[PDB]
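**Student:** Dumping the structure here so I can ask a few things about it.
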6 protein chains.
Amino acid sequence: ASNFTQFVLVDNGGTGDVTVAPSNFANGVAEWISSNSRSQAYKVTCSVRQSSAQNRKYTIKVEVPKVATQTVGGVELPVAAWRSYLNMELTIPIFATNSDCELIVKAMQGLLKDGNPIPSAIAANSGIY
Amino acid sequence: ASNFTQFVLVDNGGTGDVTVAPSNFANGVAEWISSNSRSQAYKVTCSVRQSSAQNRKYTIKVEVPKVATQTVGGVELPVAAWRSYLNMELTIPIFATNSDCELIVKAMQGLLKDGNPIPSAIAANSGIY
Amino acid sequence: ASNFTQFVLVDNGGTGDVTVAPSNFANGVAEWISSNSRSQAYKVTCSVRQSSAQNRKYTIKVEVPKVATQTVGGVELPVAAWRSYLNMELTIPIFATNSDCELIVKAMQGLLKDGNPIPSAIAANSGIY
Amino acid sequence: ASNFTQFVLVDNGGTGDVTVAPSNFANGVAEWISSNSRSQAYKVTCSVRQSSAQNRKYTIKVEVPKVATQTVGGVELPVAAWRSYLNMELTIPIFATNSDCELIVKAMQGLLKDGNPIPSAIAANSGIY
Amino acid sequence: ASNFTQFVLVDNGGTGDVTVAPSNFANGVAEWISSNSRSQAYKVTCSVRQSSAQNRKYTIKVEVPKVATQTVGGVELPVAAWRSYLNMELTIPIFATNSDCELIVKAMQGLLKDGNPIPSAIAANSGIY
Amino acid sequence: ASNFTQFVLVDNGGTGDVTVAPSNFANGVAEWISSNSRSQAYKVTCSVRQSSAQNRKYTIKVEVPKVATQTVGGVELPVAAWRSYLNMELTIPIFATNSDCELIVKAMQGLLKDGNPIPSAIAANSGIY
């Protein structure tokens with residue numbers, strides 16, 4: 001069941017979607033990027049390992065470009081002003097079954113579902129109030 | 001209106017859904033828990049801070065328990081056999097607009113969407129290949 | 001093309017086969033893991049290195065679990081009651097051609113072929129008699 | 001009955017097979033040797049012992065020669081230009097039944113089956129890619 | 001689709017072409033080798049890394065052998081009389097777009113094109129004058 | 001057989017080609033540049049020397065400008081953000097004949113030919129996957 005394929009990272013109803021495609025598999029770490037320069041592209045990486053005696057850990061990283069007023073193909077500096085970073089670590093005990101892992105995935109999806117508090121706060125440049 | 005509201009963490013289609021409700025805001029950490037004992041409850045936390053002069057950082061954590069009943073000294077107690085921990089750190093430059101932040105939210109949602117590589121690998125107890 | 005793919009480790013006809021899938025390639029050691037709980041999964045690893053100026057060495061390891069349920073204090077967990085460990089080291093001189101390597105592989109396959117003395121002894125909990 | 005018998009180590013169809021025959025059983029180590037000159041012969045050894053209170057350990061070794069003629073000072077001798085060495089160690093707990101042992105053997109056979117990643121890498125003078 | 005595929009390293013017009021095929025990806029170094037013994041094979045390697053915060057570096061190496069048969073201790077062995085080594089280091093800023101990278105590739109191709117000064121000098125065992 | 005002449009570094013089908021012409025021969029090092037400012041020009045250099053007792057080494061360097069969003073004739077800073085560098089070293093044993101050197105040139109051409117893995121990865125801002 002090979003799964004290292006391109007997917008839609010940002011869905012805009014079919015027009016203007018952001019697709020990321022496989023770009024690197026060095027050291028077993030899967031990497032996806034959008035069709036941009038490295039400084040302006042969406043980037044996804046994912047790897048999993050045995051973190052401890054009784055846990056496995058997925059390490060998932062995402063880079064998102066700032067798009068308002070950007071210059072496509074231009075040199076934008078400083079780098080830290082134009083990019084957002086997501087660092088996500090999922091620790092799962094070795095006892096978890098496929099059913100348990102499906103539940104964990106549902107928890108993450110529900111956490112980030114549109115209309116829920118956490119995505120609402122992020123989208124509104126706000127905290128919890 | 002306040003964004004500190006209850007939400008469905010695990011959507012099972014209306015029956016057996018896991019709901020978490022606001023439970024604490026002490027020390028600037030927003031907390032949600034399911035309607036269980038503290039030993040067996042699901043848990044969600046979220047905080048935001050000015051990590052540096054030009055970036056803001058969200059710190060989001062989720063705990064998924066595997067519930068069980070443990071006999072301690074001849075008495076049965078509600079415990080969690082183990083817990084799965086999700087840790088998300090999201091750094092956003094102060095220059096990001098609301099539309100830029102909406103892109104970040106859509107990227108995360110698309111990352112975890114059903115059928116996409118990363119959730120499929122997690123649900124299947126496997127890496128990406 | 002790529003040989004870091006899913007494969008059938010235990011061929012139980014067509015139904016009930018044990019399949020292992022790539023999970024990790026850290027430090028140049030490829031790792032395959034079967035699905036469901038990691039505590040009960042099969043494990044295969046393989047690495048190759050230049051052991052001397054004239055020799056290359058393959059290191060291959062396989063773990064076969066005995067699946068069981070552990071119950072301690074009323075808490076049930078899926079575990080391996082015990083595991084069987086295979087450690088293989090194969091040294092091949094740099095002078096060997098593709099034809100020579102194919103012959104070496106045939107030797108290993110013939111060593112473990114059904115009806116032959118060594119697989120028969122292993123399958124019968126027996127030595128050589 | 002007896003498993004200390006002649007067997008086909010390399011199966012080259014029906015003509016040109018490499019057959020090894022019992023030669024020695026000293027110190028509880030069974031040894032098979034192919035025919036013709038010993039300097040060029042294939043070698044297989046196998047022994048089993050109680051490695052710990054709960055484990056039995058098989059030690060299996062195979063030598064594959066590259067046949068050649070050595071000429072020193074006009075004197076010709078049949079030799080092996082070099083040899084490939086396989087060393088296998090298999091540990092099986094005393095609790096394993098005959099069914100469990102048959103499963104372990106199937107795992108080894110499936111590991112080395114044609115088309116699978118590890119035999120393919122060996123036959124192609126290659127690693128995992 | 002994966003870009004880790006076999007390719008014709010030396011094009012002789014369809015007869016006598018030298019083909020290299022994927023052979024290893026351990027430690028993040030992609031390797032190709034020809035269908036020969038390791039002592040006589042052609043070799044290609046390629047890796048990419050973030051050399052600094054704003055540049056990426058490709059490291060590409062090729063080995064071209066001059067094959068021969070060497071008598072060592074009265075036994076003939078396949079060796080390389082000597083090897084020619086090509087080492088390429090290519091540094092690209094993160095701000096380069098795909099079109100910018102295509103220009104880099106075209107520049108290298110035009111540099112080595114038949115009839116151009118540098119390949120002519122190399123083929124003629126001479127410098128540029 | 002003088003060979004220090006202008007050549008087409010980037011071929012765009014006859015219209016828009018990038019030609020580089022001789023611009024310096026100090027210290028015996030041949031240099032070509034395009035018709036631009038030094039900060040925005042294509043630049044090629046080549047020299048050859050006796051690197052060791054049994055090897056000669058060609059040192060070939062190429063500089064390629066970033067063209068997307070450039071400003072022709074403008075001051076573009078920092079320099080490292082607008083230019084890509086190729087450093088290529090070809091080591092050839094003194095025993096190699098003209099025929100051997102022609103084969104080496106073919107190897108380089110095949111390495112960089114359109115549609116092959118290495119140029120494909122570079123053009124797509126990607127590694128090997």
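Every chain in the structure tokens takes a letter, A first, then B, and so on in the order presented; its residues are numbered from 1, and the ligands are numbered from 1 following the presented order.
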Using only C-alpha atoms, I'd like a table of the residues in chain D that come within 7 Å of chain C; for each, show the closest atom pair and its distance in Å rounded to one decimal, ordered by chain and ascending number, as JSON lines.
**Tutor:**
{"residue": "D:2", "atom": "CA", "partner": "C:129", "partner_atom": "CA", "distance": 5.6}
{"residue": "D:3", "atom": "CA", "partner": "C:117", "partner_atom": "CA", "distance": 4.9}
{"residue": "D:4", "atom": "CA", "partner": "C:129", "partner_atom": "CA", "distance": 5.9}
{"residue": "D:7", "atom": "CA", "partner": "C:116", "partner_atom": "CA", "distance": 6.5}
{"residue": "D:8", "atom": "CA", "partner": "C:110", "partner_atom": "CA", "distance": 6.7}
{"residue": "D:9", "atom": "CA", "partner": "C:110", "partner_atom": "CA", "distance": 4.8}
{"residue": "D:10", "atom": "CA", "partner": "C:107", "partner_atom": "CA", "distance": 4.9}
{"residue": "D:11", "atom": "CA", "partner": "C:110", "partner_atom": "CA", "distance": 6.7}
{"residue": "D:30", "atom": "CA", "partner": "C:128", "partner_atom": "CA", "distance": 6.9}
{"residue": "D:48", "atom": "CA", "partner": "C:127", "partner_atom": "CA", "distance": 6.0}
{"residue": "D:64", "atom": "CA", "partner": "C:104", "partner_atom": "CA", "distance": 6.6}
{"residue": "D:84", "atom": "CA", "partner": "C:92", "partner_atom": "CA", "distance": 5.0}
{"residue": "D:85", "atom": "CA", "partner": "C:91", "partner_atom": "CA", "distance": 5.2}
{"residue": "D:86", "atom": "CA", "partner": "C:90", "partner_atom": "CA", "distance": 4.5}
{"residue": "D:87", "atom": "CA", "partner": "C:89", "partner_atom": "CA", "distance": 5.2}
{"residue": "D:88", "atom": "CA", "partner": "C:88", "partner_atom": "CA", "distance": 4.5}
{"residue": "D:89", "atom": "CA", "partner": "C:87", "partner_atom": "CA", "distance": 5.2}
{"residue": "D:90", "atom": "CA", "partner": "C:86", "partner_atom": "CA", "distance": 4.5}
{"residue": "D:91", "atom": "CA", "partner": "C:85", "partner_atom": "CA", "distance": 5.2}
{"residue": "D:92", "atom": "CA", "partner": "C:84", "partner_atom": "CA", "distance": 5.0}
{"residue": "D:93", "atom": "CA", "partner": "C:84", "partner_atom": "CA", "distance": 6.8}
{"residue": "D:98", "atom": "CA", "partner": "C:124", "partner_atom": "CA", "distance": 5.7}
{"residue": "D:101", "atom": "CA", "partner": "C:123", "partner_atom": "CA", "distance": 4.7}
{"residue": "D:102", "atom": "CA", "partner": "C:123", "partner_atom": "CA", "distance": 4.6}
{"residue": "D:104", "atom": "CA", "partner": "C:64", "partner_atom": "CA", "distance": 6.6}
{"residue": "D:105", "atom": "CA", "partner": "C:119", "partner_atom": "CA", "distance": 6.3}
{"residue": "D:106", "atom": "CA", "partner": "C:10", "partner_atom": "CA", "distance": 5.6}
{"residue": "D:107", "atom": "CA", "partner": "C:10", "partner_atom": "CA", "distance": 4.9}
{"residue": "D:109", "atom": "CA", "partner": "C:112", "partner_atom": "CA", "distance": 6.2}
{"residue": "D:110", "atom": "CA", "partner": "C:9", "partner_atom": "CA", "distance": 4.8}
{"residue": "D:111", "atom": "CA", "partner": "C:9", "partner_atom": "CA", "distance": 5.7}
{"residue": "D:112", "atom": "CA", "partner": "C:109", "partner_atom": "CA", "distance": 6.2}
{"residue": "D:116", "atom": "CA", "partner": "C:7", "partner_atom": "CA", "distance": 6.5}
{"residue": "D:117", "atom": "CA", "partner": "C:3", "partner_atom": "CA", "distance": 4.9}
{"residue": "D:119", "atom": "CA", "partner": "C:105", "partner_atom": "CA", "distance": 6.3}
{"residue": "D:122", "atom": "CA", "partner": "C:101", "partner_atom": "CA", "distance": 6.4}
{"residue": "D:123", "atom": "CA", "partner": "C:102", "partner_atom": "CA", "distance": 4.6}
{"residue": "D:124", "atom": "CA", "partner": "C:98", "partner_atom": "CA", "distance": 5.7}
{"residue": "D:125", "atom": "CA", "partner": "C:98", "partner_atom": "CA", "distance": 6.5}
{"residue": "D:127", "atom": "CA", "partner": "C:48", "partner_atom": "CA", "distance": 6.0}
{"residue": "D:128", "atom": "CA", "partner": "C:4", "partner_atom": "CA", "distance": 5.9}
{"residue": "D:129", "atom": "CA", "partner": "C:2", "partner_atom": "CA", "distance": 5.6}
**Student:** Enumerate, as an mmCIF file with C-alpha atoms, in the first residue's frame, the complete set of residues in chain A that a backbone-based DSSP assignment places in helix (DSSP H, G or I).
**Tutor:**
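Saved to states_33.cif:
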data_model
loop_
_atom_site.group_PDB
_atom_site.id
_atom_site.type_symbol
_atom_site.label_atom_id
_atom_site.label_comp_id
_atom_site.auth_asym_id
_atom_site.auth_seq_id
_atom_site.Cartn_x
_atom_site.Cartn_y
_atom_site.Cartn_z
ATOM 1 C CA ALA A 26 16.523 10.901 1.610
ATOM 2 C CA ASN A 27 17.047 9.216 4.997
ATOM 3 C CA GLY A 28 13.540 7.757 4.742
ATOM 4 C CA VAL A 79 13.022 34.887 5.642
ATOM 5 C CA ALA A 80 11.330 34.788 9.057
ATOM 6 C CA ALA A 81 8.896 37.535 7.992
ATOM 7 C CA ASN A 98 -5.221 0.201 13.834
ATOM 8 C CA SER A 99 -8.632 1.019 15.322
ATOM 9 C CA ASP A 100 -6.999 3.076 18.080
ATOM 10 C CA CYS A 101 -4.885 4.907 15.490
ATOM 11 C CA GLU A 102 -7.964 5.665 13.375
ATOM 12 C CA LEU A 103 -9.524 7.249 16.472
ATOM 13 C CA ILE A 104 -6.379 9.352 16.993
ATOM 14 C CA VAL A 105 -6.598 10.587 13.396
ATOM 15 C CA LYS A 106 -10.247 11.529 13.954
ATOM 16 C CA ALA A 107 -9.223 13.507 17.039
ATOM 17 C CA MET A 108 -6.745 15.543 14.991
ATOM 18 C CA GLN A 109 -9.321 16.134 12.243
ATOM 19 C CA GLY A 110 -11.922 17.273 14.772
ATOM 20 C CA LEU A 111 -9.388 19.566 16.432
ATOM 21 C CA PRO A 117 -12.259 27.105 18.475
ATOM 22 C CA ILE A 118 -8.613 26.360 17.593
ATOM 23 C CA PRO A 119 -8.839 26.999 13.812
ATOM 24 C CA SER A 120 -11.111 29.990 14.467
ATOM 25 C CA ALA A 121 -8.529 31.615 16.745
ATOM 26 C CA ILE A 122 -5.656 30.981 14.314
ATOM 27 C CA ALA A 123 -7.562 32.336 11.318
#
**Student:** Quick one: distance from atom CA of residue 22 of chain A to atom CA of residue 32 of chain C in Å, one decimal?
**Tutor:** 20.9 Å
**Student:** Enter the distance from atom CA of residue 71 of chain E to atom CA of residue 54 of chain C, in Å, rounded to one decimal.
**Tutor:**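 Calculated distance between atom CA of residue 71 of chain E and atom CA of residue 54 of chain C is 15.3 Å.
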**Student:** For a test of reading the model, state the distance in Å between atom CA of residue 67 of chain A and atom CA of residue 31 of chain A, rounded to one decimal.
**Tutor:** 21.5 Å
**Student:** Give me, as number ranges by chain, the residues of segment 17-58 of chain E that a backbone DSSP run labels strand (DSSP E).
**Tutor:** E: 18-24, 30-34, 43-52, 55-58
